Amino acid sequence: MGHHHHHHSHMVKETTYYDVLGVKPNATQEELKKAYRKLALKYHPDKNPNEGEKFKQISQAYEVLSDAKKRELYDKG
């Protein structure tokens, strides 16, 4: 139990960039920042190197999500 891993699901097949950040498809640029902040608190790589592997995904998706332009272009193709 615990609130560190509320989901705790071991099922993972094709995770979306929105899913990785735990954010909505209509999430705002602000919400995108907040998603990363929330995840950072939970899976902080400097605190849990074991979850840093997951955080690799977070960092990448955040990289494009932190900028509406990249987010748009990426989704465009």
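Quick reminder, even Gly has a Cβ in these numbers, built from the backbone with ideal geometry, and neighbours come from all protein chains shown. Rule-based calculations on the coordinates, nothing more; no lab input.
Along the axis of the charge dipole computed for the chain (Cβ charges of +1 for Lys and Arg, -1 for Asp and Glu, origin at the Cα centre), the listed residues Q29, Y62, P49 are led at the positive end by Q29. Of all the Cα-Cα pairs you can form in the stretch 1-55, what percent are over 14 Å apart? When all Cα pairs of the stretch 1-55 are counted, 59 percent exceed 14 Å.
When you filter the GluC sites (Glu not before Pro) in the stretch 3-77 for DSSP loop state and at most 10 other Cβ atoms inside 10 Å of their Cβ, you are left with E14. Over the residues of the chain, the helix contribution to mean residue ellipticity at 222 nm works out to -16500 deg cm²/dmol, using -39500 (n - 2.57) for each DSSP H run of at least 4. Pairs over the 26 Å Cα-Cα cut-off, from the set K47/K76; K13/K34; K47/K70; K13/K42: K47/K76; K47/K70.
Taken about its Cα centre, the chain carries a charge dipole of about 120 debye when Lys and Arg each add +1 at the Cβ and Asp and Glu each add -1 at the Cβ.
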